[PDB]
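Student: Following this: a sequence and the matching experimental structure.
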Amino acid sequence: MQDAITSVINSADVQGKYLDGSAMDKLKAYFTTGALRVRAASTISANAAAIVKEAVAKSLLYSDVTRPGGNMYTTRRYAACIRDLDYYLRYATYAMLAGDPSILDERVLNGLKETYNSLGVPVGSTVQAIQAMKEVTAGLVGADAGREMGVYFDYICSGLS
Amino acid sequence: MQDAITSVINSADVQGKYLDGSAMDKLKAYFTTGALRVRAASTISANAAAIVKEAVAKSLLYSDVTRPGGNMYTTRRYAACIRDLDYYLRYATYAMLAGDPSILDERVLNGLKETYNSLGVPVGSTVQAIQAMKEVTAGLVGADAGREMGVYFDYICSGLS
Amino acid sequence: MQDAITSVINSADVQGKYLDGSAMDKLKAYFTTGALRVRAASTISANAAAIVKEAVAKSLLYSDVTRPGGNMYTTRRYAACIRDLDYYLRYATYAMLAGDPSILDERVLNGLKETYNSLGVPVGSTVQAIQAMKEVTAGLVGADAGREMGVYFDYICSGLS
Amino acid sequence: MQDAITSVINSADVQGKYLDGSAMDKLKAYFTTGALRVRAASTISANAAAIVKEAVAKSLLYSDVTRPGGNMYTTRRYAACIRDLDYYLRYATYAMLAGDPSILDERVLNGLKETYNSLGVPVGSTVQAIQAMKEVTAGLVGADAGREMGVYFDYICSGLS
Amino acid sequence: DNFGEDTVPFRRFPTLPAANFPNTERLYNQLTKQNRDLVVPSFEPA
Amino acid sequence: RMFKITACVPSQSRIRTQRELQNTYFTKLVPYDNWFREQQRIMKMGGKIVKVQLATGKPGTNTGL
Amino acid sequence: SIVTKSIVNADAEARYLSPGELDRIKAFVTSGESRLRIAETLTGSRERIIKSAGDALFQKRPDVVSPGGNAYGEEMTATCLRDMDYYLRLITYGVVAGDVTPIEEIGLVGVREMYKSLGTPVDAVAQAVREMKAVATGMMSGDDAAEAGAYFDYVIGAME
Amino acid sequence: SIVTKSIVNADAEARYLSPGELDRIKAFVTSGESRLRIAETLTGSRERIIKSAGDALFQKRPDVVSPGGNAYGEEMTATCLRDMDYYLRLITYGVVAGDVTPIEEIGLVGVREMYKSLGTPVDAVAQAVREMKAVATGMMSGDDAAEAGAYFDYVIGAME
Amino acid sequence: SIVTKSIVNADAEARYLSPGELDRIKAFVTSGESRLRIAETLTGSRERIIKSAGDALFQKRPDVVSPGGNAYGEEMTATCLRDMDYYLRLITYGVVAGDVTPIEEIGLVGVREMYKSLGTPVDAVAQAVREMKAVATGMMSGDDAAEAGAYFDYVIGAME
Amino acid sequence: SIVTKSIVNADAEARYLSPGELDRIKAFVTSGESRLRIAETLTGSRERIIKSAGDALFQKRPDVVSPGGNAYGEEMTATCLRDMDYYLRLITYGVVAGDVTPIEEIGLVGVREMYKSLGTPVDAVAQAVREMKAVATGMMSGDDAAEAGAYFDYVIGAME
Amino acid sequence: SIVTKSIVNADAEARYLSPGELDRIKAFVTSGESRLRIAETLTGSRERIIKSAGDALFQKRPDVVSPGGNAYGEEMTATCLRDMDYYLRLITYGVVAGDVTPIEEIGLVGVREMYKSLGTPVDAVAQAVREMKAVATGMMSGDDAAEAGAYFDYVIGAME
Ligand SMILES: *[C@H](C)[C@H]1/C(=C/c2[nH]c(/C=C3N=C(/C=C4\NC(=O)C(CC)=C4C)C(C)=C\3CCC(=O)O)c(CCC(=O)O)c2C)NC(=O)[C@@H]1C
Ligand SMILES: CCC1=C(C)/C(=C/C2=NC(=C\c3[nH]c(/C=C4\NC(=O)[C@H](C)[C@H]4CC)c(C)c3CCC(=O)O)/C(CCC(=O)O)=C2C)NC1=O
Ligand SMILES: CCC1=C(C)/C(=C/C2=NC(=C\c3[nH]c(/C=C4\NC(=O)[C@H](C)[C@H]4CC)c(C)c3CCC(=O)O)/C(CCC(=O)O)=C2C)NC1=O
Ligand SMILES: CCC1=C(C)/C(=C/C2=NC(=C\c3[nH]c(/C=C4\NC(=O)[C@H](C)[C@H]4CC)c(C)c3CCC(=O)O)/C(CCC(=O)O)=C2C)NC1=O
Ligand SMILES: CCC1=C(C)/C(=C/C2=NC(=C\c3[nH]c(/C=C4\NC(=O)[C@H](C)[C@H]4CC)c(C)c3CCC(=O)O)/C(CCC(=O)O)=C2C)NC1=O
Ligand SMILES: CCC1=C(C)/C(=C/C2=NC(=C\c3[nH]c(/C=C4\NC(=O)[C@H](C)[C@H]4CC)c(C)c3CCC(=O)O)/C(CCC(=O)O)=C2C)NC1=O
Ligand SMILES: CCC1=C(C)/C(=C/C2=NC(=C\c3[nH]c(/C=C4\NC(=O)[C@H](C)[C@H]4CC)c(C)c3CCC(=O)O)/C(CCC(=O)O)=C2C)NC1=O
Ligand SMILES: CCC1=C(C)/C(=C/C2=NC(=C\c3[nH]c(/C=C4\NC(=O)[C@H](C)[C@H]4CC)c(C)c3CCC(=O)O)/C(CCC(=O)O)=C2C)NC1=O
């Protein structure tokens, strides 16, 4: 679990030097992004349920998954699906606030692949749902923070695939 | 954990159809077997200790296992052996009653292989003991239910080997 | 967990015989060593903290490990290092008292290798620290018990490497 | 557990009324004193062990209670006494920050008299120790911060007596 | 030793520490927020 | 910081009449702070550890775990 | 079915099946024809049951068919009747199973969470299964209506 | 509040307040004046907030005011306006306290269980707080609207 | 031995060995010659002990040698004497160990379960080890007979 | 930083970040320039701070520089100043982090255990960081001196 | 003591005292005369032990008596010799009791916390007990010096 600040401190710590001016440059880059990161995080926290319901209504609803024969058929599997999507959105918001995708590699993509292979979850439908959620949150909170959420959603998809 | 009934309902549920006549055919097959399944289950439940003692007296007793140098030498290992055999017989009776070996794959053969590799338990002696128990219960409860117990004991041996 | 006595009883038990005269010979060998084993154990128990601090001051202190860039840099890693060394010395004292390195193979070297690979602990620095601790305890408690501690420290190093 | 803000809100809610001008004035009083509370809490967090050891050096040292027969005699009893005084200073800091002594009778003064009466702890000597702790910290943080610390120290001494 | 890795803990009815049974009974016989009192403060020395 | 541990633990004192495969063989995620005490407990059970693995760890990081 | 539930009960209690539950499985075996008849009559008249129950639900609770409500429009009302179809299907599965457990596995675990996601009022669904229960027990003979109404009653109990 | 949360979070950790938490309490102590100004803005114009938000809600979700709706029959709409007044009061409490522990610790813990026992759609309540947020942030300056919309945002987020 | 038990005691209590149990290990070390003499005399006369104890057991309890009993026939009586051989062997192991723990590990954990499986009456085995105890303490000198009778007494206590 | 701590707080409480701590992260974001200035001035004059603080410590507590003490000799005094360098470095890291957590992770967990191993008196180290605090706050402007003295105060509090 | 430890260790195990523990108590009961002789040797010459051990300690560790150390001044050196007198008294108690539960249960449990709260280097206290051990084992015969040095060894081991 590291921020932009903690990754800068960590990188300056492995080689063993003090804080140089380029580290201060990265830190001021993080701060001037971090103000709008805060406002986008509040907007996503306000509208998370509508974001997830628009994501599943965009991609997963009238397919074979939410139909019978898919892995989203029963109400147990539907509730697990909505919970999986809520967790993707929440951890993407954490990675957006920290400015580092180390949390997504640490807590989300740790053993998610093998349990998704073992339960038979389709990776492609999940990736489509996450990308639909990505442009839903991009149209919600704005353009630059939409790109911020975009690279972290893409990090989740790349760790998933 | 599924019966013949629950597997029929499950298969008709994945493809999404209602109950067809072939499902009713499988269900009536299950019932006309299930009456004698009940009587054989009562007979096995009545005589389980004699069945297990005849199984170990048939195969494991005067070998190197119950002797020194084997994995059945101490009283700790002997008690664990009798408990393992009792559990094989009990779960075979459950699979005979349900008409489905999903319980044997679910609770017996889940991690039994790797702990049998890790403790150094001989697989071949266990398989011989289970087959001896198989024809002991076949001579006890009868021919058709002997075949019923036979395919479930063989399922346990195939998951073990 | 076996002593010299329990290993003698175990070996006479696997083949199945009673106590022979050679077993009594090994037992009297264990006793005539065991008196000085007791006095050396009391001496090591009295001076364990000084032994460990002399071991780290001999080998690990002015290197890159206790410096930055090493695995012994932070106070968390230093405290873990001193705890690892204390545990090596304590288990070596237990193996010296029992007269058998089965405890070192049982409790120390069980999964210590793979966690030392996974955390990135240097094996060579640990081996140097253990050998420095070995001749520190040899100069402390004496020559013959120094050899006693020597083969058990060497057992720990051989299981580590 | 409630600060001045939560107690004001609880009074206005048990009334069922909105926040009138007297509640606004109480919250303005707390929001004026809060910066002084913060700075005094930092200054007290600076010198926890020094304030505790100066309180023992003023009251409890060189008296009968550290001599044989006293309740502060042994090293276990000395360590538990230092622990109890650190608790009193820490919770007085918490009650100073909240501006309400509800945490003191919720979490210090709840079963403290019965505990001290069952153990045989002298209540007058520990009241004098808390009074010397109050005197030392009022010498540390000044007049008015020392007074707003001493009101909760007097609360602890009154609930203990 | 008592519960294990897979078992939810449950109400034990212990014997051999002589304090342990009436303290356990006085603890579990109450409902939550029955009273603010601590059922044992401490044990008196011998 | 989470260790994937797999361990086969035999209980020699009691022949447990229930199935208890999870008490015997299990693979689980342990935090790093409690992994030391849990490894000591497993060694006191005497059970052999097939594999340990660490994937949340990021070793070598002095700051931010 | 009843056999899987008796097996997991004898498994958790680590014993063989008692002769009481062996007699229960035997009585279930003999009552298979009656439950086949009940599920047969329910699979026969599912459309009439669904149409009368949906119109009775819309007559009772007009909030769902109102503008701004959940089931507004042609496709939304059709999906409402599709969900009633799924629930009557699970009712027939539990009727032929002798147990409520396939209804639990397929359609009772997360219905509050998923209907919290879709925006469906769950008490309206409980009213829909209430109307389906009233109509199906109006169709059946009274003893078989009591049997099917036990499973319908279980579904509306797990709803609200 | 902020002071309660900092005290408790240092209290479990068996430590004093860290200096970062102390300048957090100091910054909240300095921003209390703007918090009290937002609270007077929300308090003094509660009539127009509740009236306009109820109007926009019943315009947006007419089925709850429609026959069969939970809020039916003048008192049901009017009764709802009291629940909206409760939530605006909790918004004012959370604005003053600097944290959402008044709002959560009073009117958000068992809100799902209560509104399920009353038969109320919780999404329509989220729309009511959404219209209250629209009228309230239409009533203030920019940073004041953001600081009040944070707590309005928390209430609508804790609904769903 | 006593050293493994003192080590696991100091391990569970997470401390070094106390000087009391260091003195216990030292006293065990000095008493090694006496226990070697006891185990020497027992390993000397094991056949005579087994023959007299088996005939005394068959004279006391004739149910095991009767038709229908457990130890009926030549091979069954020989296996009975073989089990008495194993128990006297474990008695010698525990006598030379200074502790009852190898007797526990090898032959005391599941003897009730395995003799429930074979059909052996366990109280008859307790009588057999009682006769072996009486004969072996009849052979030894009284102090060494007390030491060996402690381990024999432990075995018959763990039997019944 | 403050963001990792707010994230682990929202994680353990299993909710999103509150608008209070979003405003805390935003205020931390705006105060980045002031903390950059503080860490800039500290990284500028680290040698002068260390020299004056070490001579003040040796003037106050001469036991460490005495014969038989810990820091006796050229290399031992140089290592003492090296440890003061590490602690001022961690002070700058925590000053720029906005939180005391990197100081905790790198140099506050086992300092009592490791200085118990080396023989260093830990209260002397607390006096050394006290002198470093007094000198660094003597260098800074009073508001920035209060900020840096918060982290210095935390270090000497975790020492003693 | 030995009897307390044996009684408690049999007491948790729900058994009586094993015969090995009983001859342990018997051997301690016989060696009590030599224990009382060592106790009179340690008691009668306490003045010279404390004086010579304080002299050799302050010769060995002069920084704690130099200005800046803990035991600087008249009263502080008197309290230092008083603490050494306390530890010699506990040594005499542990010599009589045959075990270290008097020494540990009186003056070794929270010794680190107490001497950290006083500001005392614990290694210099270990050197004080080392010099006390040197003077005391220089005062006796061989086995008497070994038996007293066991308890002195336990005190210095429990320091570090
Ligand atoms: C409002 C826009 C929506 C709505 C409201 C509605 N509420 C009720 C009845 C009650 N509501 C409460 C709610 C609270 N009590 C609290 O203390 C708090 C926290 C401060 C809340 C939110 C309670 C206790 C009642 C019961 C009566 C009472 O006030 O004591 C009703 C009536 C329900 C009924 O069955 O009569 C309605 C209609 N309903 C809507 O449709 C709007 C979406
Ligand atoms: C914090 C990081 C984290 C994640 C993400 C996580 C996921 C996770 N998803 C699971 C299941 C699931 N996840 C899905 C997913 C989907 N539905 C689909 O079909 C789509 C492809 C996708 C919806 C977008 C489904 C259907 C299941 C349940 C399958 C089953 O076990 O029946 C399970 C098994 C337990 C359960 O039933 O929930 C875990 C542990 N756990 C974690 O700790
Ligand atoms: C960032 C966290 C951190 C800390 C705290 C740290 C301490 C640390 N202090 C050391 C030595 C030392 N530190 C001291 C310091 C002191 N003794 C005194 O007399 C003074 C009062 C006190 C100075 C304040 C001394 C004397 C040594 C040498 C000890 C020896 O060589 O025996 C060493 C050994 C040399 C090395 O590997 O660099 C380390 C690792 N290292 C770290 O990475
Ligand atoms: C009873 C047998 C037993 C052992 C030995 C054992 C060791 C053990 N050593 C560990 C770490 C460690 N061990 C070291 C070791 C060293 N420092 C170095 O650099 C040198 C090479 C060596 C000092 C001699 C270090 C640095 C760590 C911590 C690395 C980290 O996780 O940050 C850990 C991870 C948890 C922890 O932080 O302590 C375990 C479980 N556990 C056991 O149950
Ligand atoms: C419900 C499904 C299920 C099964 C089957 C199961 C088996 C199981 N068998 C075990 C041991 C064992 N199983 C045997 C088996 C045998 N003796 C032999 O030599 C023969 C090859 C075979 C007798 C037929 C032995 C000897 C041990 C103990 C080995 C030891 O750990 O000392 C253990 C380790 C714990 C123990 O000592 O009992 C488990 C968990 N657990 C389960 O949950
Ligand atoms: C067998 C277990 C099971 C259940 C329960 C289930 C429910 C379910 N209900 C759905 C929709 C729906 N269900 C309703 C139903 C209702 N809203 C109302 O107004 C009525 C009161 C209520 C009818 C009782 C509506 C309106 C939709 C469409 C929601 C939307 O499109 O936003 C969908 C989405 C479409 C699809 O993928 O088929 C599913 C999966 N699926 C299952 O597999
Ligand atoms: C060291 C721990 C240990 C024990 C206890 C042990 C018992 C043991 N007793 C056996 C048989 C037996 N043991 C008996 C003994 C008795 N029945 C009687 O009538 C007598 C009263 C009683 C004698 C005291 C009999 C009759 C059999 C044969 C049972 C049969 O063949 O059905 C066998 C089967 C043959 C073999 O593999 O050697 C074992 C393993 N083995 C061990 O390794
Ligand atoms: C029987 C168990 C037991 C112990 C050990 C004990 C110690 C003890 N030592 C004290 C002081 C002290 N003890 C020392 C001792 C030393 N400083 C040094 O530099 C030397 C290394 C060392 C002695 C050789 C000093 C200097 C003080 C005074 C501390 C102060 O005035 O701040 C005090 C506080 C004043 C008092 O009431 O005596 C206690 C309670 N009390 C007990 O009941």
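Tutor: Nice, I can see it. Numbers count the residues shown, from 1 in each chain, chains lettered A, B, ... in the order given. Ligands and ions are numbered 1, 2, ... in the order given.
Student: Please enumerate residues in contact with whichever strand or helix holds residue G:134?
Tutor: Assigned by DSSP states H and E, residue G:134 falls within helix G:122-139. For helix G:122-139, the surrounding residues in contact (Cβ atoms under 8 Å, 6 or more residues apart in numbering or on different chains) are G:41-42, G:45, G:49-50, G:52-54, G:56-57, G:60-61, G:63-64, G:70, G:80, G:83-84, G:87-88, G:91, G:111-112, G:115, G:145-146, G:148-149, G:152-153, G:155-156, G:159-160, H:116, H:119. Quick note: C-beta positions are derived from backbone N, CA and C, even for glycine.
Student: List only buried entries from those residues.
Tutor: Using 16 or more other Cβ atoms under 10 Å in any protein chain shown as the burial test, the contacts of helix G:122-139 include G:41-42, G:49-50, G:52-54, G:56-57, G:61, G:63-64, G:70, G:80, G:83-84, G:87-88, G:91, G:111-112, G:115, G:145, G:148-149, G:152, G:155-156, G:159, H:116 as buried.
Student: Could I get the full set of helices for the chain?
Tutor: Using chain A here. For chain A, applying DSSP state H gives helices covering A:4-15, A:21-46, A:48-59, A:75-98, A:102-103, A:112-118, A:123-141, A:144-160.
Student: actually it's chain G I care about, not the one you picked
Tutor: According to DSSP H, the helices that chain G contains are G:2-12, G:19-30, G:32-44, G:46-60, G:74-97, G:101-107, G:111-118, G:122-139, G:142-159.
Student: What is the third one packed up against?
Tutor: Meaning helix G:32-44. In terms of contacts (3 or more Cβ pairs under 8 Å, 6 or more residues apart in numbering or on different chains; DSSP states H and E), helix G:32-44 is packed against helix B:21-46, helix G:74-97, helix G:142-159.
Student: Just the residues contacting the shortest one, thanks.
Tutor: Think helix G:142-159. By Cβ under 8 Å, 6+ apart, the list of residues contacting helix G:142-159 from outside reads G:34-35, G:37-38, G:41-42, G:87, G:90-91, G:94-95, G:100, G:103-104, G:108, G:111, G:122-123, G:125-126, G:129-130, G:132-133, G:136-140.
Student: Tell me the residues of chain F that contact chain B?
Tutor: Taking Cβ under 8 Å from any Cβ of the partner chain as the contact definition, chain F meets chain B at F:8, F:10, F:12, F:15, F:17, F:19, F:21, F:24-25, F:48, F:50.
Student: Strands - which of these land there?
Tutor: Among those, the ones falling in strands (DSSP state E) are F:8, F:25, F:48, F:50.
Student: Residue B:96: which of those is nearest?
Tutor: For these, the minimum distance to residue B:96 (Cβ to Cβ) is 26.5 Å, reached by residue F:25.
Student: residues touching the closest residue to residue F:58 other than its chain neighbours, list them.
Tutor: Spatial nearest neighbour of residue F:58, chain neighbours left out: residue F:65 (7.0 Å); criterion: Cβ to Cβ, 6 or more residues apart in numbering or on different chains. Contacts for residue F:65 (Cβ under 8 Å, 6+ apart) come out as A:1-2, F:1, F:58, J:105.
Student: what about residue G:157, distance to residue C:92?
Tutor: Residue G:157 is 66 Å from residue C:92, where distance means Cβ to Cβ, to the nearest Å.
Student: So the two - more neighbours on which side?
Tutor: Under the criterion of other Cβ atoms under 10 Å in any protein chain shown, the comparison of residue G:157 against residue C:92 puts residue C:92 first, with 28 against 11.
Student: how many other residues sit next to residue 26?
Tutor: Here I'm looking at chain A. Applying other Cβ under 10 Å, we find 18 residues neighbouring residue A:26.
Student: looking at chain E here, not the other one
Tutor: 11.
Student: For ligand 6, see how far away it is.
Tutor: Per Cβ to the nearest ligand atom, to the nearest Å, residue E:26 is found 48 Å from ligand 6.
Student: Return the set of buried residues in the helix or strand hosting that residue.
Tutor: Assigned by DSSP H and E, residue E:26 falls within helix E:20-28. For helix E:20-28, a neighbour-count test (16+ other Cβ under 10 Å) marks residue E:24 as buried.
Student: contacts for the host helix or strand of residue F:6?
Tutor: Using DSSP H and E, residue F:6 falls within strand F:2-8. Here strand F:2-8 makes contact (Cβ under 8 Å, 6+ apart) with A:110-111, B:114-115, B:118-119, C:111, C:115, C:118, F:24-32, F:35, F:38-39, F:42, F:47-57.
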